[PDB]
Structures are given as structure tokens and as C-alpha cells.
Number of protein chains: 6
Amino acid sequence: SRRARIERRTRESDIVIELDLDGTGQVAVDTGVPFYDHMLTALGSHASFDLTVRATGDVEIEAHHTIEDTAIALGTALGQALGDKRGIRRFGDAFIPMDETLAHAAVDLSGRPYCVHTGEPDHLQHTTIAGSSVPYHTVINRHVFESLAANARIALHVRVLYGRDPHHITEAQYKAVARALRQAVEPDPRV
Amino acid sequence: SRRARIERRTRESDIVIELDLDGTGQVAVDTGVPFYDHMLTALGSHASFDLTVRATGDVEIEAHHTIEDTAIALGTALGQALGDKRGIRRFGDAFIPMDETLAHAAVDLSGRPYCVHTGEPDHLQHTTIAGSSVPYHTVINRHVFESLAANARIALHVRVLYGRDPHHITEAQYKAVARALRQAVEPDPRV
Amino acid sequence: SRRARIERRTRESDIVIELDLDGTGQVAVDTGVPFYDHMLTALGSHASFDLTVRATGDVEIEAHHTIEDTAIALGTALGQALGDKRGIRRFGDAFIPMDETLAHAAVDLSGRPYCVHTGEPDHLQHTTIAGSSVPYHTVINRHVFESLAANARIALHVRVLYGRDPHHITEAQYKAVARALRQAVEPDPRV
Amino acid sequence: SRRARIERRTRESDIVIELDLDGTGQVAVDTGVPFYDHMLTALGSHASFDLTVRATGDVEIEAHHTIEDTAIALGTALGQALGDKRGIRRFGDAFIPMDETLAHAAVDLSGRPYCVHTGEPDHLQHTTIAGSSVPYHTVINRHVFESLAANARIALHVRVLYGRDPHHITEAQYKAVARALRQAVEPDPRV
Amino acid sequence: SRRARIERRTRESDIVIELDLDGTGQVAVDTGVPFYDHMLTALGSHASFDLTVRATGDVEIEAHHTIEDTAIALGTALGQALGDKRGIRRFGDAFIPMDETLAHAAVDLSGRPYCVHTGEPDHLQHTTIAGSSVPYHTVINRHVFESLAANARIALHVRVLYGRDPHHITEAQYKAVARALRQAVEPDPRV
Amino acid sequence: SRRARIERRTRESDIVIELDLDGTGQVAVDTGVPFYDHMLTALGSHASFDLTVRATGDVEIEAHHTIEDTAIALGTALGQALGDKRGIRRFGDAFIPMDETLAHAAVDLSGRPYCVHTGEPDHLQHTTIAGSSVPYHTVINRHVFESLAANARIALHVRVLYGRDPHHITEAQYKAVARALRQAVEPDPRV
Ligand SMILES: [Cl-]
Ligand SMILES: [Cl-]
Ligand SMILES: [Mn+2]
Ligand SMILES: [Mn+2]
Ligand SMILES: [Mn+2]
Ligand SMILES: [Mn+2]
Ligand SMILES: [Mn+2]
Ligand SMILES: [Mn+2]
Ligand SMILES: [Mn+2]
Ligand SMILES: [Mn+2]
Ligand SMILES: [Mn+2]
Ligand SMILES: [Mn+2]
Ligand SMILES: [Mn+2]
Ligand SMILES: [Mn+2]
């Protein structure tokens, strides 16, 4: 049984995560930042996790605090669910083509906490993805991966080999992390 | 059953493709362009497809029309054989070292049709691979991958990381696409 | 049964290798160069080999002759244990994140002998990893991979995508080769 | 007696080599690639070998497979004929002026397998030498020397110091290798 | 008879050299700097000298004084053994391929004392070759050749055409000098 | 018997050459240009020719016409003495260190007439070597080698790898040509 429930209450936000590593992509995310919900839903489904996330935070300011607190809580949940990490593949990686974009992630689940994020086009440091609700500033992508890695205590390397559309670039990175985690957490039939 | 038969008659060529995705590399290719036959035989074998290709076309002009019509027909056959794509891995990638050459392909079988082809040395835009029959102009490699992707309705990213010999560079790309497809079409035991 | 015992006596060194490709990471290495023992222990464990290496050589001069003779003997053992290579995956690759470092290896076990080694920072051509015993000059990393590839008769491509610490860069490369071999030697259930 | 007969049958080609290192330039080559036959005839004569080569292969594709299989077989034959290499000069080198072209080769017959090929003008990566039969793509020159070195298990360094005409550049390299081998295989009256 | 015995006692070291130019590579070297012993053993063997070197010096400081005093003594011995230089080839040169490295030496035994040393990679000015004993700083290679040339009273030109590994670069230079001397000291049947 | 006598009378000069290829360096040169006499004496001795040259010409103008007519006559004599060139080494090369200067020459005696002259420092296009008699303009060095090659009907490649002193650079080139010819004209015991 590789399950965790994390509750995180801060001045800024209130988070509940229910995570099962050995799921079928049963995923429900509600953070009040709908593009983020879309990215964490993609992450949960492509990782074949069962994942519920419920977060409420200070989105009057902007999404940053809620996004960061959610990624910290989600990282904590991944680390707790992995437990002793005995008998798992440990290493995982995935390429994700998305139209013009190619992204990649590699993970070491028994590595010390580390995040390297490279290749993201410079326009993603000031791009906003905006709809009818709270917008998502793509500059936070790096912060999400750093927060996940630091709190799950894993080595996570995210690369954008190339791309143009900020939605494609962002979504391909979340999916790549997801498929890299899925491979790494898998039981290893020889180890 | 993941099988397709495509017949394609144009002004320029007459093509028959019989494709089974769940094969053992039973492959027979005859297009009248022998280097192309070698590349599609490699593609069929390394993908563990069963594949018959019979093509006759206007090779008095050059191989281009026959090569393009064959890749369109083969793309159509791959898309038809994949059907609803339910329960498959969806994503696949492969590195192919071939002496001095390293090539890579990544695929998303449920992605919208897209092809990105990068890293091929500039001399491949005017190289000919010639023997005793109809020659193969390596400039067509990009056209083959674009045609396959557009007609199978998949995202296909082909990269040459480095290399020198045009036969090694070309063959490593066809093989990389082949092994990437093989992984992507595989049943996914969790999805 | 995919096992080899290689004995190699030269003017410079005396080597015994016992290798089983179908192991559980039962690994014992003693060469008189303790950082090398650490790298070959990582290679044996991450490849899920059973591996014993016993080497004595002219370390009064430096580690080079012992290191090279061991990699030649180990390459010979890998080639002999693979035998006819019937029914195996053939192709393998692995990414290894190690803190700030990302390394990659790709292999073709039925390729002609070839080694390409790229991306290693320039400071690794004159770095020493020194403890209380015989030191390890990181310039030899390339020589180890070339020797393994040439004597196993395989295509081996080792890349450092980025990194800083010479111990991380070296160890991530040995591990990447190890996991690439593990995937390549695996029985292929379709071929 | 320093003689070898090598038979090599692959999917692509059928090769027979009869080699005597202590010959008088009695040479007969037939591969179905007439410029290659000319180069291997030059190599056999200038090395003062007796050499017969009979090769049939898939020249409908192009010369590459036949050329590579022949150089592998010829390398194997050179290594087998050299046997223990006791009492030979070991080291050999030769300069070959050919009109505007100067080429050089150096060999170490007891060196580990290694090939360095430098100085060839960039136009030789896409040049064809074509007559009334199967053409010869000069990009393969490097591949021939690498194949010979890897299968004879020798160190072979081929340089083009300068030149223009692709036939002169190619022929001067084959001749330089030939005269370098002739010096290296010679009995050494002091060793 | 082309023999010399040189005894050299300085504040720093005590050297005995026994040299025969007309030897069979009967070589014994002991200087307390084991990589240097390896290089002078290679020099003695490849020159087909009979050579004994016994040196003890101030290796608590570093190898430099012992290395320099030995090369001065060895140069003196070569000059004394050559005597009047009547009837010898006078000129000699040798290429030495060593894996990735190519080195060359040319000599004029009746030239005025002169040494030109070129092409050595810049990392060799601060590289150490270290084992379990006294290390060898490759910056001294130039000093060794200058000392040999100045004390034998010969013109000696040492070149590194290319290379990477400091052990290969150093050893190929000592061997090249050795084979160049062997050719130059040979009786000339026409002069 | 490999001997020639050439008499050449032009408007500008009167030349007699007596050449024996199979000599012992019995050499006598008198052209009225004493530095040229020194260079042709070096060429004759180092080639182990027997050579007499007697030339009188229009040195009131400068040495050029006498120097060129002598090199044409000497080239003619070399070609006539070589006769059918049956059973000779054919190829020859030599490195000549001269203090700071290194020069090289390579020859093919059965090559079509060709001369390539490279590496000479730019100051040699306007340097004069002057004593108490008719001076020698080093710009003529290229012209001498071109004239020799064109009239002997040989391929001759002369290189200066480096140097400073115009007397050393010039003399090392004449000597290098000389030793290259000596090797090339030698009977070949296997051909
Ligand atoms: Cl990559
Ligand atoms: Cl050179
Ligand atoms: Mn923050
Ligand atoms: Mn989306
Ligand atoms: Mn088209
Ligand atoms: Mn092929
Ligand atoms: Mn080595
Ligand atoms: Mn470590
Ligand atoms: Mn090939
Ligand atoms: Mn020719
Ligand atoms: Mn000193
Ligand atoms: Mn050594
Ligand atoms: Mn003129
Ligand atoms: Mn002089």
C-alpha cells in the first residue's frame, strides 16, 4: 500500500492531497487556479496515480502562494507514499512531443533532493495564461518542479528541447514529469 | 486485431500496404527504390510489425513520387490499424546508435498530426545514395516522416544528435521511428 | 546461461572477471584503485549483473594500465556472455540525474564496435579524484568506455548533458552505461 | 607462413579473402564496385601482399554494405595472418604524393584497435566517383579505414595533408595505408 | 663497440647509466619515479639499446631534479657511445600512433645541440600522473627532451600532432624519440 | 648502370651534369653562384649520388637564369639515369631538423611531374643570402624544386614545418629532397 494523505494549512492556503502511487488515473484537482488544475490533472493521470487535491488560498493576490503550497504538499505526499523505496525501478524518464514542443524529464527517486530546469524559452519568464478566472504565470513552472523535488526528496531534471506555444511548453513538462515518475515508482522485477 | 490493408492508386503510383501492429517482423517491401525498400524493411522489422509493401511508380522521373505515395499509404495504414487507440502506451521513444551516428525519435500516437525533424547535417539536403538501380536522395527523409505523421495523425519528432555517414544517419532515423512506434502501440497494462 | 570467466595476464596486470548477465547485483570489485572499484561496483549493480573483478597491476606507475586491462577484460566477458545475442532487446538507453549532473548512455549490442563520448566538461581532462590510496584521473573515463565497447564489440554512446562535480559526472556516466546495458541484454518477448 | 583465408556471409554480402603478407603484389579484386576494386588492388600491390578478394552483395541498394563487409573480412584476414606478431617492425608509416595531394598513414600493429582519420576536405563527405557501373561515395573512406583497424586490431592513423581531386585524395590514402602496412609487417632484424 | 658508462653525482642525485647502442632492448631502469622508469624503459626498448639506469635523488622535494640529472647523464652517455659518428644513418624519424594520440620525432645526430618541442596540448603544462609512489608532472616532458639533446649534442624535434590522454601523449613522445634514435644510429651501408 | 651526362647550352648559360644514382657522395659543383653550389653539393652528398655540375651563365644580370638552367639540366639527368624505374622503392621521404628549422620532402618517382612547395615563411620571398660573390635570392627555392620535378618527371612535395633562419630553411629543404630521392631510387628487394 503506497498511499498518503497530507493536510497543509499556512497563513496563505489550506491544502488536502490524497495520493495513491498504484492508481489508474482517478484524478480530481481543485485549487482555484484552473490552468494549474489542468496541469496537476495531467500530472496525476499520466503518472497513473489516483490523486485528489483540494486547495483554497489567497488568489486575490495571485496564484503563486496556492501553487507553491500545493506543490510542497504534493511533494510531501509523493515522498511519504514512496516510503522505503525498496524494490522500485528508481530511475525514470519520458519524452513528450506536443505539436511543435518536445519536453523531457528524468528522475532519480533515491537521489538527494535536486531540481535542474533548462531550455524553457525566455518569453516564459513573463507569459500569462489567462481565461475567465485566476490566471497562471508560466514563470512559476520552475518553482513548481523545485518545490515537488525538494519536498519529495528526489532528483528531478526537466528540459524543454524546443517549443513555441506556452501552453504546449508547460503541459509537455508536466506530462514528462508524470511519465518519468510513473516509470520510476514501478516495482522492479529484478531489484 | 490491429490490421489494415490500404490500396492507393494515383497518376504517379500504385501502392498496396498490409500492416499488422502485433507482428513478429515478417516484412516484405518492394517499391522499385532499393535503398527505400531497405529503410521500410528496417522500419517494419524494428517496430515488430508484419508489413508487406508493393509499390510501382514513375521512377523514370525519380523516386520522390513513389516514396511520398508509399509513406502516405503507410501512414494511412498505421492510423487505421491503431483504431480507437484504447489501452495503449501512446508515448514511445528510442535512441539508435549506428557507428558515429546517434538518432532519436519520440512519438505521441494520440497527439494531433505534427512532425518536427531536426539535427540532420546540411550535406543531407543534396546527398544521393546510389547503387545499380533507382537512387535515393536523402533530402526526402524529412518528407517521409512528415507524410507518415500527417496520414497516421500522430506527433512524430525525429532528431539526429550527431553523425557523418548519410546511410548511417538515414538508417538510424528510420530505426528510431520504428522502435518509438513499437513502444507507443504496445498495450499498456495500467491504462 | 549467460556467464563468462575471463583471465587476462599482461606485463602490467593480472585480471580475473566472473560475469553473469542474469544476476541480482551480487558485485565484488577489487582493482587496487578504490574510486574505480566504486565505479565498476556501480556498473555491476545498476546493470543487475553478478560481477566479481579481481585485478592487481602496476599502480606504482599510476592506475591507467590496471584500469584499461580491467575494462578490456570486462568488455571481453560481456561479449562472451552475450553469445549469439538471439532474442534480446539489443537497444538500451538510460538517463542518470545526479544532483546538478545529467548523463545518458545508449547502446546497440549487435552494432559494430564503436564508442562516442561527448559533453564531458573540459576540466575532466586534468581532474584527479584522490583519497588515501591510488588516485583516479578522470581523463581515463573516455578510455574505459572505448575499451569496453571495442572488446564487447558493441556500439556505446555516452553523453554528459551538463554537470560540475567530477565525481557526479563520472558516476552518472558509469551508471548510465549500466542501466543502458541492463535494458539491452534483457530478453525481448516479441523478438 | 603468414596466410589467411576468411569467408564472411551476411544477409547483405558473401566475401572470400585470401591474403599472404609475404607476397609480391599478386592481386585480384572483384567486389562489383569497380572504384573500390581499384583501391583494394592498389592497397594489395603497394603492401606487397598476395591478395584475392571475391565479394558479391546488395549493390542495388548501394556499395556501402559490400564495401564495409569486405573491409571487415580484410581486417580479420590481416589480423589472422599477423598471428603472434613476434619479430616484426610493428610500426610503419608512408607519405604518398599524388599530383596536388599529399596523404600519410601511420600504423602500430600491436596497438589496441583505433582509427583516427583527419584532413580530408569537406567536399569528400558528399562526393561520388561514378562510371558505367556501381558508384563509390567517398564518405565511405573513413568507414573503410575504421573497419580495417577494428577487425585487424591495429592502430591506424590516416591523414590528408592537402589535396583537391577526390580520386587523388582517396587513392593516396589507400596507398599510404598500404605502404605503412608493408613497413610494419616486415621482419625486424634486431627485434 | 658503441658503449658508455656515465656516473653523475650532484647535490640532488646519484646516477649510473650503462648504454650500448647496438643492443636487443635489454633494459633495466630504477630512478624512484616509476612513471619515468616506464618512459625510459620504453625509450631503451624501442631504440633497441641495452640500457641500465640506476638513480637515487631528492624525490622528497619532487621528481624534477632526479628526472633532469638522469636525462643529462643519459644524453652524455648517448653522445659518448656515438663517438665519431662515422658511417651512420645520422638522420632518423618515427611516427607513433597510440590510441587517439599521434606523436613524431626527427633527429640529426651530427646536428648542433637543439631541441624543438611542439603541439603538446596546454593541459600537459599542469597535469600529474600519480600512482602509489612519487608522481610525474608532464610539464617536465619538454625538459627531458631538451636535456637529452643538449648533452648528447644532437638536433631533436618532438611533435604531438594530436592527442588527449596525458599518458598516451607522453609515452608516444618517448617512443617516437626512441625509434628516431634507433634509425639514426644504424650503420649506413652507403656512407 | 644508372648514369647520365646532360649538356645544356642556352642564350643565358652553358651546363654540364654528370650524374650516377648509385654513388658514394663524390660531388663537385661550380655554377658561379656559391650558395647554390653549397645547396647542390648538399643535395648530391645527402642523396649518395656521384654528381659533377659545371655551369657558366649570365650572373651579371643575377643568379636566376643559371640556377634555373642548372635545375632543368639536373632534373633531365635524374630522369634519364632512372630509365625504366623497374624494381625501385619509387616512394621516398625525409625529415631534416636544422637547429630551429624542420623541413620535409616526399617523392613519387613514377608519379606525373608535379611540385607542391608549402610552409616557407613569407620573409623568404624577398631574402638575399649574400657573401663576397654572386648572391642567392631565396625566392628561387620554389623555382628550383619545380624545375627539378618538371624535368625529372616526378612528384615532389617540399614542406617547411617551421623555421626562422633563411640559410637553415633553404639548406634543410635541399637536404630533405636529397634524402627523399636517396630512399626512392634504392632497389626494392620485394618489387
Ligand atoms: Cl536528449
Ligand atoms: Cl607531418
Ligand atoms: Mn515562492
Ligand atoms: Mn491543454
Ligand atoms: Mn512531395
Ligand atoms: Mn544499411
Ligand atoms: Mn591506454
Ligand atoms: Mn559516489
Ligand atoms: Mn556501415
Ligand atoms: Mn586511379
Ligand atoms: Mn630544471
Ligand atoms: Mn603505459
Ligand atoms: Mn624563371
Ligand atoms: Mn650551410
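Every chain is numbered from 1, with letters handed out A, B, ... down the list of sequences. What's counted below: heavy atoms across the whole structure, side chains too, no hydrogens, waters or symmetry copies. Both counts, for ligands and for their atoms, begin at 1 and track the order of listing.
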Between A:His38 and A:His167, does the ring centre distance come in under 6.0 Å?
yes
For this output row, return yes or no: ring centroids of C:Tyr162 and A:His157 closer than 6.0 angstrom.
yes
Metal-centred angle, the Mn ion (ligand 3) as apex - NE2 of A:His143, NE2 of A:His64, 10° resolution
90°
Do you see a donor-acceptor pair shorter than 3.5 Å between the side chains of C:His168 and C:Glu100?
yes
Find out whether B:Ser110 and B:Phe91 are in side-chain contact, i.e. whether some heavy atom of one side chain is under 4.5 Å from a heavy atom of the other.
no
Quick one, C:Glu146 and C:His117 - any side-chain contact, counting heavy atoms below 4.5 Å?
no
Quiz: residues 118-126 of chain C side-chain donor-acceptor pairs under 3.5 angstrom, not counting sequence neighbours:
{"unit_1": "C:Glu120", "atom_1": "OE2", "unit_2": "C:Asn141", "atom_2": "ND2", "d": "2.9"}
{"unit_1": "C:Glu120", "atom_1": "OE2", "unit_2": "C:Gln173", "atom_2": "NE2", "d": "2.8"}
{"unit_1": "C:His123", "atom_1": "NE2", "unit_2": "C:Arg164", "atom_2": "O", "d": "3.0"}

Start with the C-alpha gap between A:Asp93 and C:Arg179, add the side-chain angles, then the distance that decides, and say whether salt bridge (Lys or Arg N to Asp or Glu O under 4.0 Å) holds.
CA-CA 12 Å; A:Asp93 85 279; C:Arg179 298 216 161 229; over 6 Å; no
Output the atom name for the N/O/S atom of A:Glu68 with the smallest distance to the Mn ion (ligand 3).
OE1
Protein N/O/S atoms closer than 2.8 Å to the Mn ion (ligand 4), ordered by chain and number, come to A:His38 NE2, A:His167 NE2, A:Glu171 OE1
